[PDB]
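Read through the structure below, which is laid out as structure tokens, and then see the notes.
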Amino acid sequence: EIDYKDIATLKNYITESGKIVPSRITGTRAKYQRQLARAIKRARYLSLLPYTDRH
Amino acid sequence: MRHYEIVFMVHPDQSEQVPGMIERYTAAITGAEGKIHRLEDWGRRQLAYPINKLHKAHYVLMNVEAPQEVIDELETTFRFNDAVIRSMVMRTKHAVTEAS
Amino acid sequence: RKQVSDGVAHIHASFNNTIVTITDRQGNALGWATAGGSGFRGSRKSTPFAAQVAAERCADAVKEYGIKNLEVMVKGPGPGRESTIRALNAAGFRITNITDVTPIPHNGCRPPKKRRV
Amino acid sequence: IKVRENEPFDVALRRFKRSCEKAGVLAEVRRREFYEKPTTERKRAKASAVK
Amino acid sequence: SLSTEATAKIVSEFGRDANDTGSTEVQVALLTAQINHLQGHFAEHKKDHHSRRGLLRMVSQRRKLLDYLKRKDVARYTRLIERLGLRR
RNA sequence: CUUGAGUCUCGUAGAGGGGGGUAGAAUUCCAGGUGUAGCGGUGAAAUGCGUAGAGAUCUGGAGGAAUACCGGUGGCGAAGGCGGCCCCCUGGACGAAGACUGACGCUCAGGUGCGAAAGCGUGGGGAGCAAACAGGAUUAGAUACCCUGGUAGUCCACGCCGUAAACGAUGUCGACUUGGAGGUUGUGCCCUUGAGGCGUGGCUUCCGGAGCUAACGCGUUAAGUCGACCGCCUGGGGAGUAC
Ligand SMILES: [Mg+2]
Ligand SMILES: [Mg+2]
Ligand SMILES: [Mg+2]
Ligand SMILES: [Mg+2]
Ligand SMILES: [Mg+2]
């Protein structure tokens with residue numbers, strides 16, 4: 001998570017639709033969620049992850 | 001100076017200049033007394049979403065040390081040079097060697 | 001006619017109406033069914049039990065081409081988003097990839113106010 | 001959203017992604033934005049988000 | 001702010017005594033510096049109605065602490081300002 | 001002289017600010033194919049758009065604005081207010097050890113600066129929304145609510161206006177006075193030997209105790225008990241109007 005290249009252990013947090021899952025469903029400890037969401041978003045821009053299923 | 005972690009995706013159909021390309025970079029850090037404590041040449045890789053045609057690119061890590069001025073030049077040369085599409089250049093992030 | 005066997009059929013479910021357009025494989029019309037032009041409309045239309053009749057009505061106005069297996073594409077919260085589908089799984093049509101397209105802007109446009117009834 | 005699952009039948013399952021979009025994410029929009037109305041309700045529902 | 005490598009320098013030049021961050025001589029210099037630098041920065045944008053506040057907060061202290069000298073040891077006041085040309 | 005306040009060192013989180021690039025989703029428009037008698041809208045309707053081929057469906061292109069999920073009683077800021085991503089310049093806050101300064105502080109009429117939204121000037125910009133306005137509808141009437149359209153504006157750069165239920169309707173600083181559960185963010189420590197067990201700070205919600213209060217309620221983030229300084233109130237309408 002600390003990075004984005006972690007595409008492997010990253011998609012796990014994001015849903016099928018590419019949408020990042022909250023916490024009441026995960027519990028990735030808020031403090032880390034910050035780095036999580038930021039990492040994912042900035043990553044999708046590198047084609048490492050799809051902005052959404054459709055495209 | 002300062003640490004970095006740039007990442008560019010070169011068109012697969014032009015994956016031949018990728019090697020020579022890295023050179024300019026490696027040199028644009030030599031005389032600048034900078035350093036490259038990383039270099040993950042991901043090479044080819046399927047693209048999640050299509051970026052103006054083509055579902056694959058050529059990823060090449062970086063992580064330099066040279067001052068901002070020089071690295072800035074890379075951003076400019078990256079643009080005009082259509083050999084590479086999307087890019088990204090973050091700062092220090094406390095130098096990271098190998099792995100990733 | 002052309003004989004495709006493998007085609008699609010998007011469902012446009014609008015809060016007031018719904019139209020079933022059975023497209024080919026690369027996106028080509030082949031017959032469109034409309035809830036409005038189903039011999040009924042107004043408060044009678046819109047409803048599932050009604051707006052669906054249009055969907056299955058495609059058969060006697062689409063199957064003329066000859067199709068078997070096919071996927072489905074839903075787009076619209078209209079009161080038929082689902083009802084319409086059942087008619088397909090009962091009219092003889094097979095079934096395959098059922099995906100929802102329904103658009104959702106990542107907060108870009110700005111919808112109109114109104115609605116002060 | 002995607003669906004394939006073989007095995008001959010037609011039960012439903014149209015409730016999978018359903019509970020993650022539907023006329024919900026839609027109803028969420030369509031009409032004028034809330035601007036300030038959310039900061040209140042979205043933060044007023046919490047009053048119940050406790051008891 | 002000023003490079004960590006900077007403050008540690010000025011201090012050893014103005015600090016009343018060898019390596020000391022507290023006296024006016026050191027206080028002022030350390031302040032005037034960031035003030036002179038930011039001047040250029042502000043010559044750009046000039047719309048940062050926030051960063052500018054800090055510029056004031058610290059500047060308002062410059063004339064402020066500078067008074068301490070008068071109210072106290074005046075002998076140095078003039079000897080300190082004559083260094084950065086401040087006050088004028 | 002050092003506990004107030006301040007500097008140095010090292011780190012900590014964040015939508016704090018200004019600038020410059022960039023990304024994907026969607027609407028609108030334009031273009032081309034497919035295909036045909038409807039679409040759109042409403043309580044119904046009608047105006048409007050359709051055979052000059054719309055709508056839908058698919059392919060290509062242009063452009064503007066906004067940044068879904070995350071996201072939250074979450075965070076940052078003096079307040080106003082501030083959300084994709086990246087870079088550059090830059091403000092504040094906070095914790096850790098000490099080191100240094102040595103009352104250098106608090107408040108503040110006047111004075112100076114910042115100011116939501118609308119609005120104003122100059123030049124740009126214009127997709128969506130929409131004052132004005134024009135139709136359609138409702139009605140006894142309907143200069144409205146509703147529908148179809150739609151200009152200013154909303155966007156940008158510079159300059160101006162300075163107002164708001166600018167609201168916690170609660171000036172700032174400091175000192176104290178039972179506690180309970182949660183949030184968030186530093187740091188010390190415990191088979192760390194777990195997620196965790198025990199401390200100590202910064203900010204923050206809900207509850208409530210003595211007390212305070214006309215009551216509602218406030219209750220260590222007070223409306224409790226004290227102090228320093230400032231702003232203001234003195235029946236309602238006339239009127240925040242007139243000169
Ligand atoms: Mg209207
Ligand atoms: Mg605050
Ligand atoms: Mg304005
Ligand atoms: Mg104007
Ligand atoms: Mg209470």
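Identifiers for the structure tokens are assigned positionally: chains receive A, B, ... in sequence, residues are indexed from 1 per chain, and ligands are indexed from 1 in the order shown.
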Can you build me a table of chain A residues sitting at most 6 Å from chain F, with the closest atom pair per residue and its distance in Å to one decimal, using only C-alpha atoms (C1' of nucleotides), sorted by chain and residue number, as CSV?
```
residue,atom,partner,partner_atom,distance
A:19,CA,F:69,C1',4.4
A:20,CA,F:69,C1',5.4
A:37,CA,F:70,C1',5.9
A:42,CA,F:85,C1',5.2
A:45,CA,F:23,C1',6.0
```
Handout entry: Surrounding residues as an MDAnalysis selection string, ligand 1, max 12 Å, only C-alpha atoms (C1' of nucleotides) and all ligand atoms
Key = (chainID C and resid 112:116) or (chainID F and resid 129:131 133:136 144:150)
Problem - Of the listed residues B:54, B:7, B:27, B:83, that which approaches chain F most closely, counting only C-alpha atoms (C1' of nucleotides) - result: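 Distance minimum relative to chain F lands on B:7.
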Practice task
Select all residues from chain D having any atom no more than 10 Å from an atom of chain F (counting only C-alpha atoms (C1' of nucleotides), ignoring ligands), output as a list in words.
Solution key: residues 25, 32, 33, 43, 44, 45, 46, 47, 49 and 50 of chain D
Using C-alpha atoms, can you write the selected residues to a file as a PDB file, in the first residue's frame?
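Generated output (out-v1.pdb):
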```pdb
ATOM      1  CA  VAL D  25     -26.538   5.983  -7.005  1.00  0.00           C
ATOM      2  CA  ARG D  32     -30.095  19.878  -8.567  1.00  0.00           C
ATOM      3  CA  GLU D  33     -27.006  19.491  -6.420  1.00  0.00           C
ATOM      4  CA  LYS D  43     -24.229  15.149   9.007  1.00  0.00           C
ATOM      5  CA  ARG D  44     -27.729  15.059  10.500  1.00  0.00           C
ATOM      6  CA  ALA D  45     -28.230  11.386   9.715  1.00  0.00           C
ATOM      7  CA  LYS D  46     -25.389  10.805  12.163  1.00  0.00           C
ATOM      8  CA  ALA D  47     -27.749  11.943  14.914  1.00  0.00           C
ATOM      9  CA  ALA D  49     -26.120   6.969  13.318  1.00  0.00           C
ATOM     10  CA  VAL D  50     -25.760   6.563  17.082  1.00  0.00           C
TER      11      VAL D  50
END
```
Handout entry: Contacts of ligand 5, 9 Å or closer, only C-alpha atoms (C1' of nucleotides) and all ligand atoms, given as a PyMOL selection string
Key = chain F and resi 206-208+217-219
Could you write out that same residue set with N, CA, C and O atoms (P, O5', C5', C4', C3', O3' and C1' of nucleotides) as a PDB file, in the first residue's frame?
```pdb
ATOM      1  P     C F 206     -21.700  17.207  19.792  1.00  0.00           P
ATOM      2  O5'   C F 206     -22.396  16.017  20.582  1.00  0.00           O
ATOM      3  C5'   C F 206     -23.112  15.015  19.876  1.00  0.00           C
ATOM      4  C4'   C F 206     -23.213  13.764  20.708  1.00  0.00           C
ATOM      5  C3'   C F 206     -23.633  13.992  22.148  1.00  0.00           C
ATOM      6  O3'   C F 206     -25.033  14.171  22.304  1.00  0.00           O
ATOM      7  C1'   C F 206     -21.809  12.485  22.081  1.00  0.00           C
ATOM      8  P     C F 207     -25.571  15.186  23.426  1.00  0.00           P
ATOM      9  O5'   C F 207     -25.299  14.403  24.786  1.00  0.00           O
ATOM     10  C5'   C F 207     -25.691  13.043  24.914  1.00  0.00           C
ATOM     11  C4'   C F 207     -25.178  12.455  26.206  1.00  0.00           C
ATOM     12  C3'   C F 207     -25.379  13.250  27.486  1.00  0.00           C
ATOM     13  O3'   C F 207     -26.699  13.159  28.005  1.00  0.00           O
ATOM     14  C1'   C F 207     -23.232  12.217  27.469  1.00  0.00           C
ATOM     15  P     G F 208     -27.372  14.447  28.693  1.00  0.00           P
ATOM     16  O5'   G F 208     -26.702  14.502  30.138  1.00  0.00           O
ATOM     17  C5'   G F 208     -26.714  13.360  30.989  1.00  0.00           C
ATOM     18  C4'   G F 208     -25.572  13.429  31.976  1.00  0.00           C
ATOM     19  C3'   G F 208     -25.582  14.619  32.916  1.00  0.00           C
ATOM     20  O3'   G F 208     -26.407  14.332  34.040  1.00  0.00           O
ATOM     21  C1'   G F 208     -23.408  14.331  32.004  1.00  0.00           C
ATOM     22  P     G F 217     -33.673  21.042  27.164  1.00  0.00           P
ATOM     23  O5'   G F 217     -32.588  21.528  26.104  1.00  0.00           O
ATOM     24  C5'   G F 217     -31.195  21.470  26.398  1.00  0.00           C
ATOM     25  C4'   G F 217     -30.655  22.865  26.601  1.00  0.00           C
ATOM     26  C3'   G F 217     -29.178  22.935  26.904  1.00  0.00           C
ATOM     27  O3'   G F 217     -28.426  22.979  25.696  1.00  0.00           O
ATOM     28  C1'   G F 217     -30.380  24.260  28.460  1.00  0.00           C
ATOM     29  P     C F 218     -27.064  22.135  25.574  1.00  0.00           P
ATOM     30  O5'   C F 218     -26.016  22.947  26.461  1.00  0.00           O
ATOM     31  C5'   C F 218     -25.305  24.051  25.910  1.00  0.00           C
ATOM     32  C4'   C F 218     -24.379  24.665  26.939  1.00  0.00           C
ATOM     33  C3'   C F 218     -23.311  23.802  27.603  1.00  0.00           C
ATOM     34  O3'   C F 218     -22.141  23.575  26.828  1.00  0.00           O
ATOM     35  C1'   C F 218     -24.381  25.139  29.236  1.00  0.00           C
ATOM     36  P     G F 219     -21.532  22.089  26.743  1.00  0.00           P
ATOM     37  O5'   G F 219     -20.947  21.824  28.202  1.00  0.00           O
ATOM     38  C5'   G F 219     -20.084  22.773  28.826  1.00  0.00           C
ATOM     39  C4'   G F 219     -20.042  22.551  30.323  1.00  0.00           C
ATOM     40  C3'   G F 219     -19.528  21.194  30.785  1.00  0.00           C
ATOM     41  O3'   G F 219     -18.105  21.171  30.862  1.00  0.00           O
ATOM     42  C1'   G F 219     -21.531  21.738  31.940  1.00  0.00           C
TER      43        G F 219
END
```
All residues within 12 Å of ligand 3 are required, counting only C-alpha atoms (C1' of nucleotides) and all ligand atoms; please report them as a PDB file with N, CA and C atoms (P, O5', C5', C4', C3', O3' and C1' of nucleotides), in the first residue's frame.
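As a result, selection19.pdb now contains:
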```pdb
ATOM      1  P     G F 115      -9.590  38.183  -0.064  1.00  0.00           P
ATOM      2  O5'   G F 115     -10.941  38.269   0.782  1.00  0.00           O
ATOM      3  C5'   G F 115     -11.251  37.261   1.737  1.00  0.00           C
ATOM      4  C4'   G F 115     -12.619  37.482   2.345  1.00  0.00           C
ATOM      5  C3'   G F 115     -13.816  37.385   1.391  1.00  0.00           C
ATOM      6  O3'   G F 115     -14.261  36.134   0.906  1.00  0.00           O
ATOM      7  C1'   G F 115     -14.122  39.233   2.808  1.00  0.00           C
ATOM      8  P     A F 116     -14.963  36.078  -0.540  1.00  0.00           P
ATOM      9  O5'   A F 116     -16.221  35.130  -0.327  1.00  0.00           O
ATOM     10  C5'   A F 116     -16.043  33.783   0.078  1.00  0.00           C
ATOM     11  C4'   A F 116     -17.375  33.084   0.158  1.00  0.00           C
ATOM     12  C3'   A F 116     -18.281  33.185  -1.057  1.00  0.00           C
ATOM     13  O3'   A F 116     -17.916  32.272  -2.084  1.00  0.00           O
ATOM     14  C1'   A F 116     -19.543  33.408   0.948  1.00  0.00           C
ATOM     15  P     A F 117     -18.022  32.725  -3.621  1.00  0.00           P
ATOM     16  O5'   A F 117     -19.570  33.048  -3.813  1.00  0.00           O
ATOM     17  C5'   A F 117     -20.555  32.056  -3.548  1.00  0.00           C
ATOM     18  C4'   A F 117     -21.935  32.669  -3.537  1.00  0.00           C
ATOM     19  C3'   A F 117     -22.183  33.673  -4.661  1.00  0.00           C
ATOM     20  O3'   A F 117     -22.535  33.060  -5.897  1.00  0.00           O
ATOM     21  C1'   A F 117     -22.984  34.544  -2.604  1.00  0.00           C
ATOM     22  P     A F 118     -22.240  33.829  -7.276  1.00  0.00           P
ATOM     23  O5'   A F 118     -23.221  35.084  -7.235  1.00  0.00           O
ATOM     24  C5'   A F 118     -24.612  34.927  -7.497  1.00  0.00           C
ATOM     25  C4'   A F 118     -25.354  36.204  -7.177  1.00  0.00           C
ATOM     26  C3'   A F 118     -25.050  37.418  -8.052  1.00  0.00           C
ATOM     27  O3'   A F 118     -25.796  37.416  -9.263  1.00  0.00           O
ATOM     28  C1'   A F 118     -25.022  38.045  -5.765  1.00  0.00           C
ATOM     29  P     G F 119     -25.100  37.912 -10.624  1.00  0.00           P
ATOM     30  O5'   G F 119     -24.749  39.438 -10.338  1.00  0.00           O
ATOM     31  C5'   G F 119     -25.774  40.365 -10.004  1.00  0.00           C
ATOM     32  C4'   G F 119     -25.175  41.680  -9.570  1.00  0.00           C
ATOM     33  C3'   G F 119     -24.162  42.296 -10.527  1.00  0.00           C
ATOM     34  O3'   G F 119     -24.795  42.986 -11.598  1.00  0.00           O
ATOM     35  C1'   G F 119     -23.375  42.457  -8.290  1.00  0.00           C
ATOM     36  P     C F 120     -24.036  43.130 -13.006  1.00  0.00           P
ATOM     37  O5'   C F 120     -22.919  44.223 -12.709  1.00  0.00           O
ATOM     38  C5'   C F 120     -23.276  45.482 -12.154  1.00  0.00           C
ATOM     39  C4'   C F 120     -22.053  46.343 -11.981  1.00  0.00           C
ATOM     40  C3'   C F 120     -21.062  46.256 -13.137  1.00  0.00           C
ATOM     41  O3'   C F 120     -21.420  47.061 -14.250  1.00  0.00           O
ATOM     42  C1'   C F 120     -19.909  46.138 -11.071  1.00  0.00           C
ATOM     43  P     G F 153     -22.094  38.060 -17.968  1.00  0.00           P
ATOM     44  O5'   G F 153     -22.352  37.296 -16.595  1.00  0.00           O
ATOM     45  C5'   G F 153     -22.623  38.011 -15.393  1.00  0.00           C
ATOM     46  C4'   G F 153     -23.176  37.069 -14.355  1.00  0.00           C
ATOM     47  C3'   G F 153     -22.251  35.918 -14.004  1.00  0.00           C
ATOM     48  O3'   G F 153     -21.329  36.286 -12.983  1.00  0.00           O
ATOM     49  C1'   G F 153     -24.424  35.089 -14.467  1.00  0.00           C
ATOM     50  P     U F 154     -19.883  35.588 -12.926  1.00  0.00           P
ATOM     51  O5'   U F 154     -20.207  34.072 -12.560  1.00  0.00           O
ATOM     52  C5'   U F 154     -20.836  33.737 -11.326  1.00  0.00           C
ATOM     53  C4'   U F 154     -21.207  32.274 -11.313  1.00  0.00           C
ATOM     54  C3'   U F 154     -20.101  31.318 -11.731  1.00  0.00           C
ATOM     55  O3'   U F 154     -19.266  31.004 -10.624  1.00  0.00           O
ATOM     56  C1'   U F 154     -22.116  30.759 -12.851  1.00  0.00           C
ATOM     57  P     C F 155     -17.696  31.325 -10.704  1.00  0.00           P
ATOM     58  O5'   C F 155     -17.242  30.649 -12.071  1.00  0.00           O
ATOM     59  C5'   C F 155     -17.018  29.244 -12.153  1.00  0.00           C
ATOM     60  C4'   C F 155     -16.030  28.945 -13.252  1.00  0.00           C
ATOM     61  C3'   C F 155     -14.816  29.861 -13.241  1.00  0.00           C
ATOM     62  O3'   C F 155     -13.806  29.409 -12.349  1.00  0.00           O
ATOM     63  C1'   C F 155     -15.714  29.751 -15.432  1.00  0.00           C
ATOM     64  P     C F 160      -8.528  47.176  -6.294  1.00  0.00           P
ATOM     65  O5'   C F 160     -10.103  47.343  -6.484  1.00  0.00           O
ATOM     66  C5'   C F 160     -10.654  48.589  -6.898  1.00  0.00           C
ATOM     67  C4'   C F 160     -12.168  48.541  -6.909  1.00  0.00           C
ATOM     68  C3'   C F 160     -12.982  48.321  -5.631  1.00  0.00           C
ATOM     69  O3'   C F 160     -13.116  49.499  -4.840  1.00  0.00           O
ATOM     70  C1'   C F 160     -13.973  47.178  -7.470  1.00  0.00           C
ATOM     71  P     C F 161     -13.502  49.374  -3.281  1.00  0.00           P
ATOM     72  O5'   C F 161     -14.970  48.750  -3.274  1.00  0.00           O
ATOM     73  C5'   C F 161     -16.088  49.494  -3.757  1.00  0.00           C
ATOM     74  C4'   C F 161     -17.354  48.668  -3.666  1.00  0.00           C
ATOM     75  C3'   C F 161     -17.754  48.261  -2.253  1.00  0.00           C
ATOM     76  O3'   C F 161     -18.594  49.329  -1.803  1.00  0.00           O
ATOM     77  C1'   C F 161     -17.981  46.431  -3.788  1.00  0.00           C
TER      78        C F 161
END
```
Exercise for the section: Tell me which protein, DNA and RNA residues are within 12 Å of residue 3 of chain E, counting only C-alpha atoms (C1' of nucleotides), leaving out same-chain ones fewer than 5 positions away, and put them as a list in words. Expected result: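 Counting only C-alpha atoms (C1' of nucleotides), the residues come to residues 8, 9, 10, 30, 33, 34 and 37 of chain E.
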Practice task
At a cut-off of 8 Å, list the chain A residues touching chain D, using only C-alpha atoms, as a VMD selection string.
Solution key: chain A and resid 16 to 17 53
Practice task
Name all residues at most 10 Å from residue 5 of chain A (count only C-alpha atoms (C1' of nucleotides); drop same-chain ones fewer than 5 positions away) and give them as JSON, numbers by chain.
Solution key: {"A": [10, 39, 40, 43, 46, 48, 49], "B": [100]}
At most 12 Å to chain A: residues in chain B, only C-alpha atoms, as a compact mmCIF listing (two decimals) with C-alpha atoms, in the first residue's frame:
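Generated file (part-v8.txt):
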```txt
# COMPACT_ATOMS: atom_id res chain seq x y z
CA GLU B 5 10.69 8.08 -8.67
CA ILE B 6 9.73 8.73 -12.29
CA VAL B 7 7.78 6.28 -14.45
CA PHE B 8 7.14 6.49 -18.19
CA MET B 9 5.26 4.25 -20.63
CA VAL B 10 6.77 3.98 -24.12
CA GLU B 40 12.90 -1.40 -12.86
CA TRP B 42 9.09 -3.33 -16.54
CA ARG B 45 2.82 -4.73 -19.93
CA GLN B 46 -0.91 -4.79 -20.71
CA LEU B 47 -2.69 -1.49 -20.08
CA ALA B 48 -5.79 -1.39 -17.88
CA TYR B 49 -7.47 1.39 -19.85
CA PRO B 50 -6.57 2.35 -23.44
CA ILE B 51 -4.53 5.55 -23.70
CA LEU B 54 -2.77 0.32 -27.85
CA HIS B 55 -3.41 -1.82 -24.76
CA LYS B 56 0.24 -2.08 -23.72
CA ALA B 57 3.20 0.14 -22.82
CA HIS B 58 6.84 0.10 -21.74
CA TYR B 59 7.30 0.90 -18.05
CA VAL B 60 10.72 2.00 -16.82
CA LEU B 61 11.32 2.99 -13.19
CA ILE B 85 2.82 8.56 -23.46
CA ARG B 86 1.75 9.05 -19.84
CA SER B 87 4.50 9.70 -17.31
CA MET B 88 4.97 10.62 -13.65
CA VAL B 89 7.72 12.10 -11.51
CA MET B 90 7.41 12.18 -7.72
CA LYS B 93 10.08 9.76 -0.77
CA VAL B 96 14.43 3.22 -2.24
CA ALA B 99 12.87 -4.36 -5.28
CA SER B 100 9.38 -3.23 -6.31
```
Problem - Exercise answer, 10 Å around ligand 2 with only C-alpha atoms (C1' of nucleotides) and all ligand atoms, as number ranges by chain - result: F: 75-78, 93, 203-204
Could you name the residues that touch residue 64 of chain C at 12 Å or less, counting only C-alpha atoms (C1' of nucleotides), but leaving out those on the same chain fewer than 4 positions away, as a tab-separated table (two decimals) with C-alpha atoms, in the first residue's frame?
```tsv
chain	number	residue	atom	x	y	z
C	1	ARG	CA	-32.12	-12.33	-42.93
C	2	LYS	CA	-28.40	-11.81	-42.31
C	3	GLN	CA	-28.43	-14.45	-39.56
C	4	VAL	CA	-26.36	-13.33	-36.57
C	5	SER	CA	-27.42	-15.75	-33.82
C	22	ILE	CA	-31.76	-5.51	-30.07
C	30	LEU	CA	-32.04	-4.63	-35.78
C	31	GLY	CA	-35.35	-3.65	-34.22
C	58	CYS	CA	-39.30	-7.48	-30.30
C	59	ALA	CA	-39.59	-11.17	-31.19
C	60	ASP	CA	-42.40	-10.76	-33.73
C	68	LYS	CA	-30.08	-17.76	-30.32
```
Practice task
Would you mind writing down, as a PyMOL selection string, each residue of chain C that DSSP on the backbone assigns to alpha helix (DSSP H)?
Solution key: chain C and resi 48-57+83-88
Atoms kept (C-alpha atoms) for selection, written as a short mmCIF file (atom, residue, chain, number, x, y, z; two decimals), in the first residue's frame:
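What landed in selection17.cif:
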```cif
data_model
loop_
_atom_site.label_atom_id
_atom_site.label_comp_id
_atom_site.auth_asym_id
_atom_site.auth_seq_id
_atom_site.Cartn_x
_atom_site.Cartn_y
_atom_site.Cartn_z
CA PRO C 48 -43.20 -3.05 -15.59
CA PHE C 49 -46.17 -5.28 -16.45
CA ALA C 50 -46.69 -2.92 -19.39
CA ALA C 51 -43.32 -1.43 -20.36
CA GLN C 52 -42.17 -5.05 -20.62
CA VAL C 53 -44.68 -6.06 -23.29
CA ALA C 54 -42.66 -3.87 -25.64
CA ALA C 55 -39.44 -5.76 -24.93
CA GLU C 56 -40.86 -9.20 -25.69
CA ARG C 57 -42.70 -7.60 -28.61
CA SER C 83 -39.02 -6.80 -15.83
CA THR C 84 -37.95 -6.35 -19.45
CA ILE C 85 -35.23 -8.99 -19.06
CA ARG C 86 -37.55 -11.78 -17.92
CA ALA C 87 -39.49 -11.47 -21.19
CA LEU C 88 -36.23 -12.37 -22.94
#
```
Problem - Residue list for chain D near chain C as a ChimeraX atom specification, 10 Å, only C-alpha atoms - result: /D:1-6,8-10,12,14,17-18,21-27,29-34
